[PDB]
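Handing you this structure, nothing more for now.
So that you can tell them apart, the chains are marked A, B, C, D and E in the order they are listed, and the count of residues begins at 1 in each.
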Amino acid sequence: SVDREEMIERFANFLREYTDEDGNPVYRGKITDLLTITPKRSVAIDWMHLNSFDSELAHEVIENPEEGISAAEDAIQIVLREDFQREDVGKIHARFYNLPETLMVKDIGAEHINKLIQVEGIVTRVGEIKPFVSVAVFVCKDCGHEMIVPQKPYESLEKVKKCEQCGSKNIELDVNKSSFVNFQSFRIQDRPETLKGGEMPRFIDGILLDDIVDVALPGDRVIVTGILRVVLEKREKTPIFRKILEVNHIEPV
Amino acid sequence: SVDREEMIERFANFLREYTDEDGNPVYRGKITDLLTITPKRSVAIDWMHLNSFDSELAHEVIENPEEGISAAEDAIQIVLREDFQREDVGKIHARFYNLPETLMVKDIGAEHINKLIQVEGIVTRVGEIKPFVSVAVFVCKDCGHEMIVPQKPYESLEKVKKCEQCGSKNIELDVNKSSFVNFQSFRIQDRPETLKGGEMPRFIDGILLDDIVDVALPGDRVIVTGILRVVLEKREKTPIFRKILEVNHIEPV
Amino acid sequence: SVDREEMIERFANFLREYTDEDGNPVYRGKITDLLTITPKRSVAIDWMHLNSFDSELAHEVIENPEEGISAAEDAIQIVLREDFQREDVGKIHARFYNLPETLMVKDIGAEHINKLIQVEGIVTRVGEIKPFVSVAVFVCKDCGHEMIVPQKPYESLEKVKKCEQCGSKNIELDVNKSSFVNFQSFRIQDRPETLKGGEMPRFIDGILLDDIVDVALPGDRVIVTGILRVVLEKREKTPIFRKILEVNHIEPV
Amino acid sequence: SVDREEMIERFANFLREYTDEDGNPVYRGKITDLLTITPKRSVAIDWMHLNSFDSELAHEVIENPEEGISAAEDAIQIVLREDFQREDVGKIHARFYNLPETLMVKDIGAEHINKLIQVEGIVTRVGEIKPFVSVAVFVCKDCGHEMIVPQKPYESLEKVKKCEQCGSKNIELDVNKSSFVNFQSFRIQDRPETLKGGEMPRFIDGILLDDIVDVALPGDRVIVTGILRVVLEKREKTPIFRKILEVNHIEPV
Amino acid sequence: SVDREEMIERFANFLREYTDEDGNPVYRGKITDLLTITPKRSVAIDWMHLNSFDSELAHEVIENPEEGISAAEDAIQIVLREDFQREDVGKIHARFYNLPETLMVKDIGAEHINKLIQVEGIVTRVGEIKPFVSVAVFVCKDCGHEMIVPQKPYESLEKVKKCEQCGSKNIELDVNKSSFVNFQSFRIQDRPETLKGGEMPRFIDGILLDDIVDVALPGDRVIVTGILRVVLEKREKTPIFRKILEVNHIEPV
């Protein structure tokens, strides 16, 4: 595998050195598109491009998307700061597309836990759009000490109940110091044309965050990239799990 | 940003010094209307007036409406006491209207948390009108010590369970010493004319307090100003949030 | 305002000294009607009579009906004992009618909390009639010590869980030593003739006790006097309140 | 008796207005002696002077020496600040001498508790001189909150075990922020010349603080003024008390 | 006063720049004597030298010897590392002598708490020499987490009872990782030649650490520099204190 530290350097290098057939540093381009007036907040990375430049790393984003995606986003921040003189910029998403293999919803199982997968299907439902606290900041009213707690949309809220410093239970979530982003759930299932006779379509529920919410409507057929996550059944007293697709990239077909 | 202390002085100054084209101190006028026989209990402030007099402050009421609104209300109280000889008067609301940008319900997301926004839409529902304890006063039956606890309508009731002074758990809410105001909930959603084809209208729930309750009926189309607030989902074990619009100003169209 | 002690003396004086145009001490009359064979257990007091004799006191029954009503009832008990030689008589209600202003159900809001109001409306529902423990007496089985706890019909049951004297948790409500009275709930709403076009009638729930239960049927149109009371929403974790009208006087129209 | 507030004004007035036979404001003199190069830190007040100027107050210093002494010291501070322009000066002791009645050690009993008495006797013992924390300042290491706790030399150390603010038990006495003064114990007993035949001399233990420590040696015969204080026997489970003389003034004879 | 950071720079500068009449950087010399074969582990600093170079700082070592002494020792470590290429060297003591005023034991009182004083007297007793843990290192046997706790010889042992990290009570003092130094107690009292007639000599107990233990025998007459420290009486329930002299420098006369 590839150490975190090293994974960043290699991403930063891919970002600033990969070129298409005509020689253009395509990802410098995309990074530049973050600075324009109506700017994007993601950099869509074509997996085949990454694989053609550094295949070891390209396979590690599939085996370890959590660390791989995050290293890419740190690289983006570096290139911005160092090549564009831009520290002020916010969170920028590294969104991978065009993976080597495409699953159908019915093919998704336990083998895929915490790996980056690509699914083709049709959107059955979309939820309403709600704020999600991606970074909760809890403040102690007794001593003013702040405790930062990052969150995951598929997991439950990680609270804190004692000030790290003073030990009192007079802690509350501080909304203004906390960081929120838009959240939207959706269901995707197999396309009816790929089903055989009276075979029953399987589905999977997904999560969209930030700039990729509200990109799809029921009926839309899409190709998505995401991390398959698991959470215990609502009982939480069974070793069976519910599966959720944390979306990394999504496009219509 | 603008310090609290300073924010008041500048509001008081705007209130007593801003004049229209003919020279009339319009807001002295409005403040005067609080003293008449059937008096108003708000002062509607035209944001464009404020911006034309003190734009820095006008932008701070949008970025920090909680402190900005409250500073304006303190200013109103000053001008009353100092220019009209009136301390006896109660709570007077500073209600801002005519903000620079107007959202549709569907445009409201996490970017708007705790900021003053302006929404145009059509009222789907209105709740029944109920008392809300804006200032709870809990009294200790064992030593007579009183503890004041201000409240927010969108948050849950902040109780107290131990006398600050004697430490006993013989504390109850004292209704007569507490301060109540009328409360009314309502739902607003996108106007059907702004929807495209078979697009689905999104909605947002809101809270009306005091003198602006019962100003709207289902079917009414309105322009409202308010603070977008968030509260955790009813589970309270998810980092997803429900959004509520605490209304500052409302008018029919 | 008017001190309790003093409020009684002034009520007793009004009761025994107020006379109509022909000179008859009308309230001596009414008090006399308590001693007859099929006796009344209330004394209906005409507010305009009280106001014409002692307006300061007449306004204090509206601002402080809880203490005002109770002082009147103590006055009744005095006049009985002193002018009729009657200590044996029970609880006798002071029931005020004919207040200066009449509200419609829709006019009732937070301004009216714990004040005596007069409402005109039409009875939508009446509940079944049930015993209410107006004075709970809890007895300790370990030492025989008795603890008296008065109750309110709109509030929850104030239990006691430790003998004041011995400290044991072997306390139960003693039914025979406790005092019960009949209870009946009812709903009143605006009369359809006062509504405008397709306007929606608002309602308010009420409580009848003792001799005024079973005085009304659904469909009856009535004028009632009562104290507007508030109790927290069933959740009890919101600062919103449910309103209940504790009836002091009721008559058909 | 004489209210605290008023007691100060009257002391300040005595200090600045009392004059001897030749007209000299003797106590302005003494106050001046606090500003010289080797300055005193007490002002010895002749009780007969005080009595001749304001006898009511002179009797209150005997009945209520704790409040009387302290009011005098506040007066001294006023006169300094207002007549000499001196706020910088420290604690200055008001030390009364020449009381109307002089007891022998054997005459001291329970009648004298918390009253200013004057005793003549001979010093049997003197203890070693030690620091006494007259004002303990405890600091919370978890939130930096400081709690001031004044002390008495005859009582035990009043600790604090929970931060007032954060509630943690991480509180310690801060030596540098606390205020210390020298302390010395001594025993005084009846002079052998006043004893009759083979009568046994009684004794009483005393406390000297600050500038009056080390003023006496065993064998010295002295006249002292002090407050008689009581503390429970070392067992602390008997209602019998040990008596200690908190010295206010001391002189050799 | 003088900030810590700044206090170091000024000490380092004094150490490397102060010169005697002939121009020799005397303290470079002394620092050099730390590197020789039988090396010293203190640098004796002549207070008059320091005062003649930087009097502000020289007075701060007397008012704040704890921080002043420590800043000097950090300066020594800097000059060693930077001018001699020596990081490997251990703890080196900054020991001040020749202060402006010399007390007799009997002059030492509460005014001197936590200040550097100089006393002349005769050694009455010397204790046996024992190890003192100047830096206690407690190790958690459950997770291997180490907690460093510096100690003071006059205070009691600051234990730790819960692993900072894992929270278990399976913590013990680790002798090898902890730092020990030799400790010796001694009593010093007034010299009989300075006593008057039959006056009684007072004494004070002291602590010697590390390289200055075993420097004195009973009967030796000495001049010592030290910090006067206080600790509560053994009862620990009285606000009286025992005084101990933490020795910084000692020499025979």
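As a convention for this text, contacts are C-beta pairs under 8 Å (C-beta built on N, C-alpha and C of every residue); 3 or more make two chains touch, one makes a residue touch a chain.
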Mutual neighbours - chains that touch subunit B and subunit D alike = A
Between copies subunit D and subunit E, what's the superposition rotation on C-alpha atoms, in steps of 5 degrees?
-> 60
Whole-Å gap separating subunit A and subunit D, where each centre is the average of the chain's CA atoms = 74
How big is the gap, in whole Å, between where the Cα atoms of subunit B centre and where those of subunit E centre?
-> 63
What whole-Å value do you get for the distance between subunit A and subunit B if each is reduced to the mean of its CA atoms?
-> 37
Pull out every residue in subunit D that's touching 2 or more other chains.
-> none
Chain touch graph shape: choose line, ring, star, complete or other and state it.
-> line
What pairs of chains are touching here?
-> A-B, A-D, B-C, D-E
For subunit B, which residues count as touching subunit C in their complex?
-> 128-134, 136, 151-153, 155-157, 175-176, 180-183
Which residues of subunit C touch subunit B in the complex?
-> 109-110, 113-114, 202, 230, 232, 236-243
Complex contact set, residues of subunit A against subunit D | 142-143, 163, 165-168
